[PDB]
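Participant: Have a look at this one.
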Amino acid sequence: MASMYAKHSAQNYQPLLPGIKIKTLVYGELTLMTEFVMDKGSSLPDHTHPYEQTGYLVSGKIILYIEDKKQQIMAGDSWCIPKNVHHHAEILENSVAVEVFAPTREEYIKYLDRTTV
Amino acid sequence: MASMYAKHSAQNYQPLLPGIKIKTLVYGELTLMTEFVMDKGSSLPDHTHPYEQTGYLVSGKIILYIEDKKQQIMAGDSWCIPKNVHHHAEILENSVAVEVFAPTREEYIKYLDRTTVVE
Ligand SMILES: [Cu+2]
Ligand SMILES: [Cu+2]
């Protein structure tokens, strides 16, 4: 029930997968926003979570896989993945992506940058 | 029930306020994502909508007002505004912001770009 603000910082990024760093920026009662720093050559494995995922690529170049379909993602592109839909990605260059989850993905709250507000 | 993708395009931006252009990128069952292009000197007036608003500043420099708090926002900063909370902003330089609303703000679906494909 309280609003928060997060300043851009290259620190407090926690390791999630080989070449993938994660950091929860802000969250509320219905959303949660994370930032992914993905190195060239890394990938996100296939997952199905009960959270809708809408994202935005800040920089870089990735390939997003939804079901069996593939789409090349560049700076400025966006996407929206519904609940329980198979999705994975392959990172072609050093990329940065912002991802929002609905509802509040409580397992990602532990990735808070500790600063916030 | 359909996933979607939107390609970056400098077109399909509709005017919302003097100096403020809006474009709905994608939306789903619980969220809706828009992109705001804000000219230098413009501002967003005070509003209270029944939608949680979490945003990210792609570029520029603005001053975000949430309730009684004031904060200067620069590139890379983010925020989260709860439902029915007073908020407004003053745009200091040519800025671009991405904003997500929860639940799906159906009134902003009319700003959807033509370049959004399904799956
Ligand atoms: Cu996911
Ligand atoms: Cu608002």
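Residue numbers (the entry's author numbering), protein chains in the order written: chain B, -2 to 114; chain A, -2 to 116. Cβ atoms here follow ideal geometry from the backbone N, Cα and C, with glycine treated the same way.
#1: Closer than 7 Å, Cβ to any Cβ of chain B: which residues of the region 73 to 95 of chain A, in chain order?
#2: Residues around ligand 2, please: the condition is that the C-beta lies closer than 6 Å to some non-hydrogen atom of it.
#3: Closest Cβ-Cβ distance between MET35(A) and chain B: below 9 Å?
#4: Any heavy atom of ligand 1 closer than 8 Å to the beta-carbon of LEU41(B)?
#5: Beta strand (DSSP E) containing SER6(A): first to last residue?
#6: Could you spell out where the beta strand (DSSP E) holding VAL97(A) opens and where it closes?
#7: Should the region 73 to 80 of chain B be regarded as contacting the region 21 to 33 of chain B, the criterion being three or more beta carbon pairs within less than 8 Å?
#8: Just to check my reading of the structure: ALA3(B) and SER75(A) have Cβ atoms closer than 8 Å, yes? What is that Cβ distance to the nearest angstrom?
#9: Based on the DSSP secondary-structure assignment, which residues constitute the bridge partners of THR31(A)?
#10: Whole angstroms is fine: what's the gap from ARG102(B)'s alpha carbon to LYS20(B)'s?
#11: Around the Cβ of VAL115(A), are there at least 16 other Cβ atoms within 10 angstroms (buried) or fewer (exposed)?
#12: Among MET1(B), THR28(B), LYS37(B) and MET(-2)(B), which one has its Cα closest to the Cα of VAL93(B)?
#13: Under the criterion of a Cβ to heavy atom distance below 8 Å, does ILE78(B) qualify as lining ligand 1?
#14: For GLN68(A), which residues in chain B fall below 8 Å Cβ to Cβ?
#15: Just the chain A side, please: which residues come within less than 7 Å of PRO42(B) by C-beta, in chain order?
#16: Look up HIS84(B) in the DSSP assignment and give the residues it is bridged to.
#17: So, is the C-beta of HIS5(A) closer than 9 Å to a C-beta in chain B?
Facilitator: Here's the rundown:
#1: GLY73, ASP74, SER75, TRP76, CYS77, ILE78, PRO79, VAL82 and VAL95
#2: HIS44(A), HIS46(A), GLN50(A) and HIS84(A)
#3: The sequence position of residue 35(A) within the second sequence is 38, counting from 1. Not one chain B Cβ lies under 9 Å of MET35(A).
#4: Sequence index remark: in the first sequence, residue 41(B) carries index 44 (1-based). For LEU41(B), the distance from the CB to the nearest heavy atom of ligand 1 is below 8 Å.
#5: Reading the second sequence from its first residue, position 9 is the one you call residue 6(A). That residue, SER6(A), is in no beta strand (DSSP E); it is neither H nor E in DSSP.
#6: Translated into the one-based positions of the second sequence, residue 97(A) becomes position 100. Its beta strand (DSSP E) spans residues 92 to 99.
#7: no
#8: The residue you call residue 3(B) lines up with position 6 of the first sequence. The residue you call residue 75(A) lines up with position 78 of the second sequence. So it is a contact: roughly 5 Å between Cβ atoms.
#9: Against the second sequence, residue 31(A) aligns to sequence position 34. For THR31(A), which the question treats as bridged, DSSP gives the partners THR21(A) and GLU96(A).
#10: The residue given as residue 102(B) occupies position 105 in the first sequence. The residue given as residue 20(B) occupies position 23 in the first sequence. Their backbone Cα atoms lie some 13 Å apart in a straight line.
#11: Translated into the one-based positions of the second sequence, residue 115(A) becomes position 118. Per the 10 Å Cβ criterion, exposed.
#12: Numbered from its first residue, the first sequence carries residue 93(B) at position 96. The candidate whose alpha carbon is nearest that of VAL93(B) is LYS37(B).
#13: Residue numbering aside, residue 78(B) sits at position 81 when the first sequence is read from its first letter. Flag set: Cβ of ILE78(B) near ligand 1.
#14: Numbered from 1 along the second sequence, position 71 holds the residue referred to as residue 68(A). Near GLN68(A) (Cβ distances below 8 Å), the residues of chain B are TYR2.
#15: Numbered from its first residue, the first sequence carries residue 42(B) at position 45. Within 7 Å Cβ-Cβ: nothing; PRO42(B) doesn't reach chain A, min ~18 Å.
#16: Sequence index remark: in the first sequence, residue 84(B) carries index 87 (1-based). According to DSSP, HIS84(B) bridges with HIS44(B) and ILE63(B).
#17: The residue you call residue 5(A) lines up with position 8 of the second sequence. With 9 Å as the cut-off, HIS5(A) counts as an interface residue toward chain B.
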